[PDB]
Amino acid sequence: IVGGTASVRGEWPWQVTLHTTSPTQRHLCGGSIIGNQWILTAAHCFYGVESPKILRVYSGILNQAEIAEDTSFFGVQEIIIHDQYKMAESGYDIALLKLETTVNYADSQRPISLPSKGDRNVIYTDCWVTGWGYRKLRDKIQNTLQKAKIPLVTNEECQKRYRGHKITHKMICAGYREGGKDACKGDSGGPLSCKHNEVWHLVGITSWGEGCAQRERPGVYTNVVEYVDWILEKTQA
Ligand SMILES: *[C@](=O)([C]([C][C][C][N]C([N])=[N])[N]C(=O)[C]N1C(=O)C([N])=[C]N=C1C1=[C][C]=[C]C([C])=[C]1)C1=N[C]=[C]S1
């Protein structure tokens, strides 16, 4: 996260850090708890991943330092990538992780509500992007979960900032015309929490962007609401 600040412990209980154990354990991507056994994240986060066996999901984490060999974690039983996904920049950057065991909800870990179709007209004025990603280009995973408030921008406005790309309605962007605050390498799969009516909503999933926090280069996110039907279909046994 660029231009952000340290999060308060438990402030974003749906945020999880997804690790890979190969070759050695390290943070790979962010993710959001949306069910007792489901993590919603980015599909482009599994590039080079042949098996869910090397994945580990940690919930209720603030500092990566809390993660040691003796720290409990959730195994991943199955990785579900949207069948239309090809690459982050083309859209459909959405994936579901089915955990091997269920998450016991607590103040440190609980699920975030998915947006409803009857909310595409809602004016989210209080949105935040969170993660352990870079604070800039060519950096490294940060220890303390970072947070940054960032305004959503219209699709028409985002398209202007990304000529050469096709910003569809299944994407949503956010950022400052002047840059300064934004997601970065490592925040991928992270949630884009929007506070609307004393209630948090998973509006987007950190997907891509040109560089990090550059001026006139909004972060691009998966427009979650466009996938509630997909999410329902894939999570029902
Ligand atoms: C991510 O967290 C990053 C976050 C980048 C978001 N940046 C801004 N300014 N909002 N995601 C990517 O690197 C995804 N990505 C791109 O954004 C671009 N421009 C080109 N390629 C990719 C990409 C696609 C598939 C696989 C990879 C490794 C990169 C991370 N996601 C994985 C590691 S860090």
# chains A, B, ... in the order shown; residues from 1 in each chain; ligands from 1
>>> residues_around(residues="residue 85 of chain A", least_positions_apart="5", cutoff="12 Å", atoms="only C-alpha atoms", output="ChimeraX atom specification")
/A:42-47,80,90-95,222
>>> residues_around(residues="residue 183 of chain A", least_positions_apart="4", cutoff="9 Å", atoms="only C-alpha atoms", output="list in words")
residues 1, 2, 129, 130, 131, 133, 134, 135, 136, 148, 187, 188, 190, 206, 207, 208, 209, 212, 213 and 219 of chain A
>>> closest_residue(among="A:83, A:11, A:182, A:233", to="ligand 1", atoms="only C-alpha atoms and all ligand atoms")
A:182
>>> residues_around(residues="residue 51 of chain A", least_positions_apart="5", cutoff="10 Å", atoms="only C-alpha atoms", output="VMD selection string")
chain A and resid 46 76 to 79
>>> closest_residue(among="A:143, A:22, A:121, A:116", to="residue 227 of chain A", atoms="only C-alpha atoms")
A:116
>>> residues_around(residues="residue 5 of chain A", least_positions_apart="6", cutoff="10 Å", atoms="only C-alpha atoms", output="PyMOL selection string")
chain A and resi 130+144-149
>>> write_last_selection(atoms="N, CA, C and O atoms", output="compact mmCIF listing (two decimals), in the first residue's frame")
# COMPACT_ATOMS: atom_id res chain seq x y z
N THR A 130 -6.48 -2.13 1.63
CA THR A 130 -5.55 -2.60 2.65
C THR A 130 -4.68 -3.75 2.19
O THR A 130 -5.06 -4.49 1.27
N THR A 144 3.63 -4.56 8.97
CA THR A 144 2.34 -4.14 9.53
C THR A 144 1.30 -3.84 8.45
O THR A 144 1.56 -3.04 7.55
N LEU A 145 0.12 -4.46 8.55
CA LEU A 145 -0.94 -4.23 7.57
C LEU A 145 -1.19 -2.75 7.37
O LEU A 145 -1.48 -2.03 8.32
N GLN A 146 -1.08 -2.29 6.12
CA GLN A 146 -1.28 -0.88 5.78
C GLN A 146 -2.69 -0.62 5.29
O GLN A 146 -3.33 -1.49 4.72
N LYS A 147 -3.15 0.60 5.49
CA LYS A 147 -4.49 0.98 5.04
C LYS A 147 -4.41 2.37 4.39
O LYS A 147 -3.54 3.17 4.74
N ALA A 148 -5.30 2.64 3.45
CA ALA A 148 -5.31 3.94 2.80
C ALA A 148 -6.70 4.22 2.27
O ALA A 148 -7.30 3.38 1.61
N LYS A 149 -7.22 5.40 2.58
CA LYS A 149 -8.54 5.78 2.10
C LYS A 149 -8.37 6.27 0.67
O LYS A 149 -7.49 7.09 0.39
>>> select_by_dssp(residues="chain A", states="helix (DSSP H, G or I)", output="PyMOL selection string")
chain A and resi 43-46+52-54+64-66+88-90+117-119+155-161+224-235
>>> write_last_selection(atoms="N, CA and C atoms", output="JSON list (two decimals), in the first residue's frame")
[["chain", "number", "residue", "atom", "x", "y", "z"],
["A", 43, "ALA", "N", -7.35, -14.00, -9.13],
["A", 43, "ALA", "CA", -6.99, -15.21, -9.86],
["A", 43, "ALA", "C", -5.53, -15.15, -10.33],
["A", 44, "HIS", "N", -5.09, -13.97, -10.71],
["A", 44, "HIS", "CA", -3.72, -13.79, -11.20],
["A", 44, "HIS", "C", -2.73, -14.00, -10.04],
["A", 45, "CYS", "N", -3.23, -14.33, -8.87],
["A", 45, "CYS", "CA", -2.39, -14.55, -7.70],
["A", 45, "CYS", "C", -1.88, -15.99, -7.65],
["A", 46, "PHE", "N", -2.38, -16.83, -8.54],
["A", 46, "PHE", "CA", -1.99, -18.22, -8.58],
["A", 46, "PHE", "C", -1.20, -18.57, -9.83],
["A", 52, "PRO", "N", -2.78, -26.62, -4.52],
["A", 52, "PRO", "CA", -3.21, -25.79, -3.40],
["A", 52, "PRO", "C", -2.42, -26.20, -2.16],
["A", 53, "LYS", "N", -1.73, -27.35, -2.25],
["A", 53, "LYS", "CA", -0.96, -27.88, -1.12],
["A", 53, "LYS", "C", 0.11, -26.95, -0.58],
["A", 54, "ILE", "N", 0.63, -26.07, -1.42],
["A", 54, "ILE", "CA", 1.66, -25.15, -0.97],
["A", 54, "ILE", "C", 1.09, -23.83, -0.47],
["A", 64, "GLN", "N", 3.20, -9.41, 9.96],
["A", 64, "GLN", "CA", 3.69, -10.66, 9.42],
["A", 64, "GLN", "C", 4.56, -11.34, 10.48],
["A", 65, "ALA", "N", 5.17, -10.54, 11.35],
["A", 65, "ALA", "CA", 6.03, -11.10, 12.39],
["A", 65, "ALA", "C", 5.29, -12.11, 13.26],
["A", 66, "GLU", "N", 3.97, -12.02, 13.30],
["A", 66, "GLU", "CA", 3.17, -12.95, 14.09],
["A", 66, "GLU", "C", 3.20, -14.34, 13.49],
["A", 88, "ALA", "N", -5.09, -10.50, -15.40],
["A", 88, "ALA", "CA", -5.55, -9.36, -14.62],
["A", 88, "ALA", "C", -6.11, -8.22, -15.47],
["A", 89, "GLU", "N", -5.30, -7.70, -16.39],
["A", 89, "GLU", "CA", -5.70, -6.58, -17.23],
["A", 89, "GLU", "C", -6.89, -6.80, -18.16],
["A", 90, "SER", "N", -7.30, -8.05, -18.37],
["A", 90, "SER", "CA", -8.43, -8.32, -19.24],
["A", 90, "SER", "C", -9.73, -8.50, -18.47],
["A", 117, "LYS", "N", -26.84, -6.39, -5.73],
["A", 117, "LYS", "CA", -27.13, -5.80, -7.03],
["A", 117, "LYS", "C", -27.81, -4.46, -6.88],
["A", 118, "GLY", "N", -28.64, -4.35, -5.86],
["A", 118, "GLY", "CA", -29.34, -3.10, -5.60],
["A", 118, "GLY", "C", -28.48, -2.14, -4.82],
["A", 119, "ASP", "N", -27.23, -2.01, -5.25],
["A", 119, "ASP", "CA", -26.26, -1.12, -4.62],
["A", 119, "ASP", "C", -25.28, -0.57, -5.64],
["A", 155, "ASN", "N", -16.03, 4.79, -14.28],
["A", 155, "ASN", "CA", -15.42, 3.94, -15.29],
["A", 155, "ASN", "C", -14.98, 4.78, -16.48],
["A", 156, "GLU", "N", -15.78, 5.79, -16.81],
["A", 156, "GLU", "CA", -15.46, 6.68, -17.92],
["A", 156, "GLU", "C", -14.17, 7.43, -17.62],
["A", 157, "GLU", "N", -14.00, 7.82, -16.37],
["A", 157, "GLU", "CA", -12.80, 8.54, -15.96],
["A", 157, "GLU", "C", -11.58, 7.61, -15.99],
["A", 158, "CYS", "N", -11.77, 6.36, -15.55],
["A", 158, "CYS", "CA", -10.66, 5.40, -15.52],
["A", 158, "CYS", "C", -10.18, 5.07, -16.92],
["A", 159, "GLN", "N", -11.13, 4.92, -17.84],
["A", 159, "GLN", "CA", -10.81, 4.59, -19.22],
["A", 159, "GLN", "C", -9.89, 5.66, -19.81],
["A", 160, "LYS", "N", -10.11, 6.92, -19.44],
["A", 160, "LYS", "CA", -9.29, 8.01, -19.93],
["A", 160, "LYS", "C", -7.85, 7.84, -19.45],
["A", 161, "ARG", "N", -7.67, 7.29, -18.25],
["A", 161, "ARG", "CA", -6.33, 7.10, -17.71],
["A", 161, "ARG", "C", -5.65, 5.85, -18.22],
["A", 224, "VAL", "N", -16.52, -6.62, -7.75],
["A", 224, "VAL", "CA", -17.16, -7.73, -7.06],
["A", 224, "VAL", "C", -18.66, -7.93, -7.30],
["A", 225, "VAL", "N", -19.45, -6.87, -7.18],
["A", 225, "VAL", "CA", -20.89, -6.99, -7.36],
["A", 225, "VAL", "C", -21.24, -7.73, -8.64],
["A", 226, "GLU", "N", -20.43, -7.56, -9.68],
["A", 226, "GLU", "CA", -20.67, -8.24, -10.95],
["A", 226, "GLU", "C", -20.44, -9.73, -10.85],
["A", 227, "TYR", "N", -20.05, -10.21, -9.68],
["A", 227, "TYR", "CA", -19.78, -11.63, -9.56],
["A", 227, "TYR", "C", -20.54, -12.34, -8.45],
["A", 228, "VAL", "N", -21.53, -11.67, -7.86],
["A", 228, "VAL", "CA", -22.29, -12.31, -6.78],
["A", 228, "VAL", "C", -22.97, -13.59, -7.23],
["A", 229, "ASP", "N", -23.45, -13.63, -8.48],
["A", 229, "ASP", "CA", -24.07, -14.84, -9.00],
["A", 229, "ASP", "C", -23.01, -15.92, -9.19],
["A", 230, "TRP", "N", -21.83, -15.53, -9.68],
["A", 230, "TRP", "CA", -20.76, -16.50, -9.87],
["A", 230, "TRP", "C", -20.39, -17.05, -8.50],
["A", 231, "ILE", "N", -20.17, -16.14, -7.55],
["A", 231, "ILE", "CA", -19.79, -16.53, -6.20],
["A", 231, "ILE", "C", -20.79, -17.45, -5.54],
["A", 232, "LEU", "N", -22.07, -17.23, -5.81],
["A", 232, "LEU", "CA", -23.10, -18.08, -5.23],
["A", 232, "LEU", "C", -23.01, -19.46, -5.85],
["A", 233, "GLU", "N", -22.94, -19.51, -7.18],
["A", 233, "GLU", "CA", -22.86, -20.78, -7.91],
["A", 233, "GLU", "C", -21.64, -21.61, -7.53],
["A", 234, "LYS", "N", -20.48, -20.98, -7.37],
["A", 234, "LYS", "CA", -19.27, -21.74, -7.03],
["A", 234, "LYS", "C", -19.18, -22.18, -5.56],
["A", 235, "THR", "N", -19.85, -21.46, -4.66],
["A", 235, "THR", "CA", -19.79, -21.83, -3.25],
["A", 235, "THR", "C", -20.85, -22.83, -2.78]]
>>> closest_residue(among="A:185, A:201, A:166, A:177", to="ligand 1", atoms="only C-alpha atoms and all ligand atoms")
A:185
>>> closest_residue(among="A:59, A:113, A:4, A:67", to="residue 25 of chain A", atoms="only C-alpha atoms")
A:67
>>> closest_residue(among="A:112, A:173, A:34, A:123", to="ligand 1", atoms="only C-alpha atoms and all ligand atoms")
A:173
>>> select_by_dssp(residues="segment 48-94 of chain A", states="strand (DSSP E or B)", output="list in words")
residues 55, 56, 57, 58, 59, 63, 74, 75, 76, 77, 78, 79, 80 and 81 of chain A
>>> write_last_selection(atoms="C-alpha atoms", output="PDB file, in the first residue's frame")
ATOM      1  CA  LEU A  55      -0.840 -22.499   0.101  1.00  0.00           C
ATOM      2  CA  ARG A  56      -1.486 -21.316   3.639  1.00  0.00           C
ATOM      3  CA  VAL A  57      -4.100 -18.788   4.705  1.00  0.00           C
ATOM      4  CA  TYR A  58      -3.614 -16.791   7.900  1.00  0.00           C
ATOM      5  CA  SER A  59      -6.482 -14.841   9.450  1.00  0.00           C
ATOM      6  CA  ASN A  63       2.021  -8.038  11.553  1.00  0.00           C
ATOM      7  CA  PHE A  74      -5.922 -22.709   7.206  1.00  0.00           C
ATOM      8  CA  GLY A  75      -5.022 -25.178   4.494  1.00  0.00           C
ATOM      9  CA  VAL A  76      -6.468 -24.744   1.014  1.00  0.00           C
ATOM     10  CA  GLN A  77      -8.611 -27.629  -0.216  1.00  0.00           C
ATOM     11  CA  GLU A  78      -9.380 -26.151  -3.618  1.00  0.00           C
ATOM     12  CA  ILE A  79      -8.508 -23.172  -5.823  1.00  0.00           C
ATOM     13  CA  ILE A  80     -11.359 -21.963  -7.988  1.00  0.00           C
ATOM     14  CA  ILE A  81     -10.473 -19.617 -10.824  1.00  0.00           C
TER      15      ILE A  81
END
